[PDB]
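Chains as they are written, first to last, in PDB author numbering: chain F, 4 to 90; chain K, 1 to 61; chain G, 2 to 45, 56 to 101; chain J, 2 to 60.
Following: one structure in structure tokens, then a few remarks.
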Amino acid sequence: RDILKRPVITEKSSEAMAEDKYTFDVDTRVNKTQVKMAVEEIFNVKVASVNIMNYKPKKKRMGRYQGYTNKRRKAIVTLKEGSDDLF
Amino acid sequence: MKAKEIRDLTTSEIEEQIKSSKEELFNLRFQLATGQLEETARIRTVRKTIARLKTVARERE
Amino acid sequence: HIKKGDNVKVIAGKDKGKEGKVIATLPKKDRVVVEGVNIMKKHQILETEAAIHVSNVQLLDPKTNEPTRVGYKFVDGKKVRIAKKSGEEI
Amino acid sequence: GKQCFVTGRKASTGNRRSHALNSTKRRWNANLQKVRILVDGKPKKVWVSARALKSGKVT
RNA sequence: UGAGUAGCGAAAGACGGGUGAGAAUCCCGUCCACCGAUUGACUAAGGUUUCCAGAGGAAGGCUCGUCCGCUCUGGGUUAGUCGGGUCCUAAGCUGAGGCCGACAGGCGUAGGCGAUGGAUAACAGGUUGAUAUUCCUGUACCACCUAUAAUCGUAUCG
RNA sequence: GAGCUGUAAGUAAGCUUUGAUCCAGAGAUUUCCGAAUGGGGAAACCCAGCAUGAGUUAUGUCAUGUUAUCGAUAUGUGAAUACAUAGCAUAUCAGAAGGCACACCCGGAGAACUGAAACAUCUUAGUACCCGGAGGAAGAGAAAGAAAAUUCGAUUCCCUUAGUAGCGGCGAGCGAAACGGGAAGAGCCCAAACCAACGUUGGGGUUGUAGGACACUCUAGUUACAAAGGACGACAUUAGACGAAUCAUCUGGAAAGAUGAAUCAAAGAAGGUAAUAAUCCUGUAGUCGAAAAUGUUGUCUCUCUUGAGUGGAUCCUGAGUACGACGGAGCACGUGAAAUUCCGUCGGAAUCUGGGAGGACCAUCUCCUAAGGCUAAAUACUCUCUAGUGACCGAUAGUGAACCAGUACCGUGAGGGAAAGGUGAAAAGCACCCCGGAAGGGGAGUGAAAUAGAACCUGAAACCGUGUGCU
């Protein structure tokens, strides 16, 4: 389903997109077997591998008040056919 | 107080919220990420239609 | 009471006795903006209209053009605004 | 959990007095004896005081 | 007030070229000096973004500072084989029914939890500003499923 | 009934007179932890069984239900041990658990410092702390009573009796009740005799002027006790709507102030508006109003229902109970001449010509009838909601906390704990020029005022500087 949240557009991810790799933001409590089936169901491609990782919340401040950002789970998808999962 | 005009039958109530989430919520949300999306009030409008389609379907029980 | 578009007379302040026309309404802070009243010079120099308290303006009766109070009559299912010391529906 | 199964007798509390009228706390226990008495099922051992063993009680 | 007084926390720096409003103190170069069973290379505990890049000089740095473990913005952690769980138990803890106890509760049987120990399938090379038995290249191993098999049937499995 | 997208300003994109936002009633959704309940665990995490379904050539993955312990009830149900009985398996259960207002109430258990000018009996004190069980109140409650009148008639609370009677190393100290005056105010159900049925369940029966059984003529619903399920109109609360009466001049940046003319009042409470307003605004007095939900009451329906006197041959009226000895406790009362009532141990009655009490005890008189149960009101307290009040505080005060406070911070932990309010009526929050890298400043503008420029109302003293008359 809508496991995916947003795509990741950075300098390192741009170098990944030249070799059939795509970086997304997924839900914090899903495994990469669900992410594998979610990509093929939406974009109609054939996935070959998924690697996934976690980042901790970061300390942030504005004015005097201090808080934390959201924790996130990042998935990198390797395809064997198809591309252009965004513009 | 809002405007509800969903007179559809059950077989058509299910498909209303499959089309309204596949493109009217998921396609509008990747456009805001990479950046192509003007007129951003569409996102909030669609989310309330999904809420409307579920309140009415549940009263049918 | 004082709604946008009406002709009003100022009864207190610097531009007192000067008729105008309400252009903006601020029900939260109880202020109205009247045309040609309390201009300000903002260094951005710019001339714009400032706001005055809603209790500083009074509505004018059409039959005499003298400031009057506003009542309600309950004629039909809807309400109308009557002018005191007169009978005309504002 | 030590009480008479029939009468409901149990321990009390009071004072121990010396000849000079000094006082300390003490307890008055009950003469509970472990006996087998006929109940609806198997006769199980229960605590029964000796006062309840007079005038004829099942054993 | 003491008073512009005590102190500035073990030690070798010198010159040239830059940047800059401002240079004993920042960057580059040369020479010289110190450790080297360690002032070198890994890593457990613990800390929790202090890591990288582009900018900044109010406060912190016992001096200065154009610089930073300090301020702003944007980034970075990828595993069937590595450590741990889907395996095992020591000490200890907890305990169905059970025993004891004014109440609260204490002790304990079968059963569980619990590594500092036992069992357990992958290596070499390359690459980025920030990751590497995790990414890429080449060559392997272990468990399970599906389709046909030479050979099977008192076979097989426990 | 016209703007709105919370602090909060910002820009961007939008909704709304086909009734946005907003206020009230009723619904639907409601991640994870936590009694936490499938198992485990270092809370907010990990790992499963079983039955249905989604997807796949198949495995691997996903979704929706359900699976703790104890207790009470139907059911199958060998043990040892013939029969039976422990154990075992499944089913049903708005059955239990935890939290809570560190207030009020009942019970279990229970100190010390202190006073006695030392201290042991005594006092602090049945207080603090701990544990259990509740309720909106709880506890008590229908005479084996108080007393001594020509008698009253369940319980609780207030006034007085009264610092009296009394208790006390007769020291320090402790300290009542009845009478009388008030608030509030109903009383009832069972066991036994006895009759009918197959030990059982029905009926009969509840007391002191002596009642009941047996035998003699015999018919107000009280759902707060007294027996327990429901349909039946008026109010109250939860959104709101109408609601009288003023103009002119002067000073000022601004009028509500001063000076003249008026008006309203079942409305001269209060708050705001550029300074001090009954008539500018929100209000006030007085009226009006409910889709829907809840509460309290009343009118039929509905549901139970046996009433009093005469006879007393005979029978019944609560047992290891009352009471006694020993050891303690509680009664204002410290064992004292200690009645009255509670616990542990050991003994242990009577039956209406009976039993108890009237402060050891006996006799006579008077009053009552123990050893079963239930019961509203007057009473106590405030975590709270609604509407108000004060010769109470005004930022070192008032709650620790007027401000992002049980927070910064400190400690392994239990736990301890601050400081910090104010521009202006209106941001109109200083366009532009000059010195500088910037901070900072000098003009020019805003404003009544900038020595009101966000380190902002007023701005004291300590302390630090510059310039000057006399020495």
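Beta carbons: idealized from backbone N, C-alpha and C, even for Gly.
With 16 other Cβ atoms within 10 Å as the buried cut-off, status of residue i
i, result
"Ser-50/J", "buried"
"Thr-31/F", "exposed"
"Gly-21/G", "buried"
"residue 105/F", "In the structure as shown, chain F starts at 4 and stops at 90, and residue 105/F therefore has no counterpart that could be examined."
"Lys-10/G", "buried"
"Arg-10/J", "buried"
"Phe-27/F", "buried"
"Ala-41/F", "buried"
"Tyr-71/F", "exposed"
"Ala-25/G", "exposed"
"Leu-22/J", "exposed"
"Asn-67/G", "buried"
"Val-33/G", "buried"
"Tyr-83/G", "exposed"
"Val-91/G", "exposed"
"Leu-7/F", "buried"
"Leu-27/G", "exposed"
"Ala-51/K", "exposed"
"residue 55/G", "In the model shown, chain G runs from 45 to 56 with nothing in between, leaving residue 55/G without coordinates."
"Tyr-58/F", "exposed"
"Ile-18/K", "exposed"
"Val-59/J", "exposed"
"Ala-51/F", "exposed"
Cross-chain neighbours of residue i in chain K, by beta carbon under 7 Å
i, result
"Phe-90/F", "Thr-34, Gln-36"
Distance, residue j Cα to residue i Cα
i, j, result
"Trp-29/J", "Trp-48/J", "17 Å"
"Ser-56/J", "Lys-26/J", "35 Å"
"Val-23/G", "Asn-8/G", "7 Å"
"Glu-36/G", "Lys-89/G", "30 Å"
"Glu-58/G", "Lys-42/G", "5 Å"
"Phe-30/K", "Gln-69/F", "30 Å"
"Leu-25/K", "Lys-4/K", "20 Å"
"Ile-12/F", "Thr-36/F", "23 Å"
"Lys-54/K", "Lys-2/K", "15 Å"
"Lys-3/J", "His-20/J", "33 Å"
"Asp-16/G", "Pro-78/G", "15 Å"
"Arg-4/F", "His-44/G", "55 Å"
"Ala-41/K", "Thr-10/K", "29 Å"
"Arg-60/K", "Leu-28/K", "30 Å"
"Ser-12/K", "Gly-66/F", "51 Å"
"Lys-74/G", "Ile-101/G", "10 Å"
"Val-48/F", "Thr-81/F", "11 Å"
"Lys-29/G", "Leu-32/K", "35 Å"
"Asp-23/F", "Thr-49/K", "37 Å"
"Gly-35/K", "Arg-9/F", "11 Å"
Where residue i meets chain K, residues with beta-carbon distance less than 8 Å
i, result
"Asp-87/F", "Within 8 Å Cβ-Cβ: nothing; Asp-87/F doesn't reach chain K, min ~12 Å."
Near the ligand FMN: residue i beta-carbon under 8 Å from a heavy atom
i, result
"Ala-3/K", "No copy of the ligand FMN appears in this structure; indeed no ligand is present at all."
Selection of the region 31-51 of chain K by Cβ proximity to chain F, strictly under 9 Å:
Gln-31, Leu-32, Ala-33, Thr-34, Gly-35, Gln-36
Short-range partners of chain K found in the region 9-30 of chain F, where Cβ spacing is below 8 Å:
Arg-9, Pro-10, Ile-12
At 3 residues or longer, what runs of the beta strand (DSSP E) sit wholly inside the region 37-61 of chain F?
The qualifying runs are 49-58.
My parser needs the beta strand (DSSP E) runs of 3 or more residues fully inside the region 12-40 of chain F; what are they?
24-29
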